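Engineer:
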Ligand SMILES: [Ca+2]
Ligand SMILES: [Ca+2]
Ligand SMILES: [Ca+2]
Ligand SMILES: [Ca+2]
Ligand SMILES: [Ca+2]
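Residue numbers (the deposited numbering), protein chains in the order written: chain A, 23 to 60, 70 to 290, 292 to 342; chain B, 23 to 66, 68 to 210, 212 to 290, 292 to 343.
Written out as structure tokens, the structure reads:
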């Protein structure tokens, strides 16, 4: 039974609002510069003000819905994308019976992991905007707001949105479910890296990776093959194809921007025409979406580290 | 051997500076508003009149360590990084590990070039972080972490290297971990003090002797109630170090006592407090041993009042 953060109860607070005919304004996280953590013309808007018929979830709560905005919370967002592949645990963190029509009182709740247990966090649905548009996390589908709201929820538990940026975890994700964070030096990898990744993905584990830098000015810089440096990616898959008379190990990556690697095994790359055309159809998706394949060899050369949250 | 953060090598950068006859200025963490933070320490009240000064500009003869690297040297300044500072205070009770994080062959005399290094735990390994010794100051004083001995600077510099690794000083405030301390050495366990285990005393004692890091705090139901002070001088929503357990004989029975330290360096006013009358009712030697009368942040409580007053105990087993 989850701890109520600051003793706020979603159900009793929603009822109070509904009965009063008001929308929730969270006294513990005001729509103020202190919630931002710091940029002109930021106005807080509810989804019901930006849209006539806002949806909480459209076509399922998926990684497609994870596009980073003007905030350096890549690790959190690559983590949420990874979490979408573990559907049962995603829907612990993101309660599904939440929407903008039934019982709508401008209030939402999420469950996070803090201090060896589940914590329930209540928020109001005012979200920072600039120019009629969400500043921070948004979905590919503009009528969809579950991920915008989830991110505000993490920001609340971290003190402000800015505290979400820069680090390799956040409050609500530290030792998630009481599991073991494991890290692999990709420059000295295990011989069975492919299997360890495949097993983790099958187990509903969370995997991400980054490219280390040697200068603060090189952070977020983009390589000649369109990788972003010092930037958390999701590992979203692995497959084996037969290429040039031998097995060929592939790894699938997703940039939390939602928009990619231009090297071997990239979306429009020529290696896909030298495999079983059936495999090209199944694997080579040609969408500018942040998600792409690399060979596992190219993966270990380009990136510094693999993280696995078991 | 530890990974060098941003590829920065202490020994070769230090010699470059000595050979140049300059003092190191870290190009990767400028003594600028950016190194401070974004809201409570961003551009514009707590940051008005901040001057960065090296300890050599603050003092005529600055020291790195004076009479040991000990918890009395951890006094929190105008920055809400209490979990970190309770962690570091806790870590001072594990000497072997403290001196892996704080390399001892550093000073302000021989080889001094305004550069220091510390090793932290990041991504399942040790990381070495280099800093210059320019520290934030206001009104002629350190703003953030300082020692009780004003000529001592190891802990001030340590907290600066944590700030660097975390992006800025502000990044160290608010949390129950920080970059360089997440899953320290492969280590965390949490006890609900309102439904505690029968053997809690023994769990704590074992952990303290293992050289584990122990800490505790009081939860709030209101954000405004953070850092509020109770009628018995406890601070709410505030990281404390657990630094000791003892059993004394009191009113015919064994009495279990726990020692806590406020990382402000300044205390519980109740039973077993510094000047509490209970002490005059146990063996005089145990009183001289245990009852130190110093406003230093550190005090005893009975384990019974501890579980009544505090919400949660963290144990980070190394
Ligand atoms: Ca969707
Ligand atoms: Ca592209
Ligand atoms: Ca793509
Ligand atoms: Ca000292
Ligand atoms: Ca004292």
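Where a beta carbon is used, it is the ideal one built from N, C-alpha and C, also for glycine.
Determine the DSSP secondary structure at residue 192/B, reduced to helix, strand or coil.
Structural biologist: Three-state result, residue 192/B: coil.
Engineer: Can you determine whether any heavy atom of ligand 1 sits closer than 6 Å to the C-beta of residue 130/A, and answer yes or no?
Structural biologist: It does not: the Cβ of residue 130/A is nowhere closer than 6 Å to a heavy atom of ligand 1.
Engineer: At 8 Å on the CB atoms, spell out the chain B contacts of residue 295/A, in chain order.
Structural biologist: The premise fails here: residue 295/A is roughly 24 Å from chain B at the closest Cβ pair, so nothing lies under 8 Å.
Engineer: Should residue 89/A be listed as close to ligand 1, given that the test is whether its C-beta is under 6 Å from any heavy atom?
Structural biologist: Residue 89/A Cβ: within cutoff of ligand 1.
Engineer: Given this structure, state the Cα-to-Cα distance separating residue 116/B from residue 183/A, to the nearest angstrom.
Structural biologist: Spanning the two alpha carbons is a distance of roughly 39 Å.
Engineer: Over the uninterrupted alpha helix (DSSP H) stretch that includes residue 106/B, give me the two end residues.
Structural biologist: Run containing residue 106/B: 105-114, per the alpha helix (DSSP H) assignment.
Engineer: When the Cα atoms are used, what is the spatial distance from residue 294/B to residue 82/A?
Structural biologist: One C-alpha to the other measures close to 56 Å.
Engineer: To which residues of the same chain is residue 50/A closer than 6 Å at the C-beta, ignoring the five residues directly before and after it?
Structural biologist: These residues qualify, in order along the chain: 28.
Engineer: Can you tell me which of the three DSSP states residue 317/A falls into?
Structural biologist: Of the three classes helix, strand and coil, the one that applies to residue 317/A here is coil, per DSSP.
Engineer: If you reduce the DSSP assignment to three classes, tell me which class residue 273/B lands in.
Structural biologist: DSSP places residue 273/B in strand when its eight states are reduced to three.
Engineer: So, is residue 285/B buried or exposed, given that buried needs 16 or more other C-beta atoms within 10 angstroms?
Structural biologist: Flag for residue 285/B reads buried.
Engineer: Which of the three DSSP states, helix, strand or coil, is assigned to residue 169/A?
Structural biologist: Strand.
Engineer: Should residue 331/A be counted as a contact of ligand 3 given a C-beta to heavy atom distance under 6 Å?
Structural biologist: No; taking the cut-off as 6 Å, the Cβ of residue 331/A has no heavy atom of ligand 3 nearer than that.
Engineer: Closer than 7 Å by beta-carbon distance: list the chain A residues that pair up with residue 279/B, in chain order.
Structural biologist: Residues of chain A passing the Cβ test: none, with the nearest at roughly 29 Å.
Engineer: Check residue 77/B in the structure and name its three-state DSSP category.
Structural biologist: Coil, per DSSP.
Engineer: Please tell me whether, using a cut-off of 6 Å, the distance from the CB of residue 175/B to the nearest non-hydrogen atom of ligand 4 is below it.
Structural biologist: At least one heavy atom of ligand 4 is nearer than 6 Å to the Cβ of residue 175/B, so yes.
Engineer: Compute the Euclidean distance between the alpha carbons of residue 355/A and residue 102/A, then round it to the nearest angstrom.
Structural biologist: Absent from the model: residue 355/A. The displayed extent of chain A is 23 to 342, so no value can be given.
Engineer: Is residue 103/A close to chain B, meaning its C-beta is less than 7 Å from at least one C-beta of that chain?
Structural biologist: No - not a single Cβ of chain B is within 7 Å of the one on residue 103/A.
Engineer: For ligand 5, any of its heavy atoms closer than 6 Å to the Cβ of residue 324/B?
Structural biologist: Residue 324/B Cβ: within cutoff of ligand 5.
Engineer: Considering Cα atoms alone, identify which of 303/B, 301/B, 263/B and 343/B is closest to residue 99/B.
Structural biologist: For the residues 303/B, 301/B, 263/B and 343/B, the minimum Cα distance to residue 99/B belongs to 263/B.
Engineer: Are there any heavy atoms of ligand 1 lying less than 6 Å away from the beta-carbon of residue 155/A, as far as the coordinates show?
Structural biologist: No, since every heavy atom of ligand 1 falls outside the 6 Å radius drawn around the Cβ of residue 155/A.
Engineer: Would the beta-carbon of residue 93/A be found less than 6 Å away from any heavy atom of ligand 1?
Structural biologist: Checking the Cβ of residue 93/A against ligand 1 gives yes.
Engineer: Nearest-angstrom Cα distance between residue 302/B and residue 312/B?
Structural biologist: Whole-angstrom Cα-Cα distance: 11 Å.
Engineer: From residue 338/A to residue 219/A, what distance separates their C-alpha atoms?
Structural biologist: Taking the straight line joining both Cα atoms gives about 11 Å.
Engineer: Please classify residue 226/A as buried or exposed, where buried requires at least 16 other C-beta atoms within 10 Å of its C-beta.
Structural biologist: Residue 226/A comes out exposed.
Engineer: Considering Cα atoms alone, identify which of 217/B, 268/B, 324/B and 139/B is closest to residue 288/B.
Structural biologist: Considering only alpha carbons, the answer is 324/B.
Engineer: So what does DSSP say about residue 127/A, is it helix, strand or coil?
Structural biologist: Note: residue 127/A maps to coil in three-state DSSP.
Engineer: To the nearest angstrom, report how far apart residue 314/A and residue 307/A are at their CA atoms.
Structural biologist: Cα-Cα distance, rounded: 12 Å.
Engineer: What residues in the stretch 133-166 of chain A have a beta carbon less than 9 Å from any beta carbon of chain B?
Structural biologist: Under the 9 Å Cβ criterion, the stretch 133-166 of chain A contributes 145, 146, 147 and 148.
Engineer: May I have the straight-line CA-CA distance separating residue 259/B from residue 280/B, to the nearest angstrom?
Structural biologist: About 23 Å.
Engineer: At a threshold of 6 Å, does residue 251/A count as lining ligand 2 (C-beta to nearest heavy atom)?
Structural biologist: Checking every heavy atom of ligand 2 against the Cβ of residue 251/A, none is found closer than 6 Å.
Engineer: Specify the secondary structure class of residue 146/B as computed by DSSP and reduced to three states.
Structural biologist: Of the three classes helix, strand and coil, the one that applies to residue 146/B here is coil, per DSSP.
Engineer: Give, in chain order, every residue of the stretch 242-263 of chain B whose Cβ lies closer than 8 Å to some Cβ of chain A.
Structural biologist: Here the close residues are 244, 245, 246 and 247.
Engineer: On the three-state DSSP scale, how would you describe residue 208/B?
Structural biologist: The answer is helix: DSSP assigns residue 208/B an H, G or I state.
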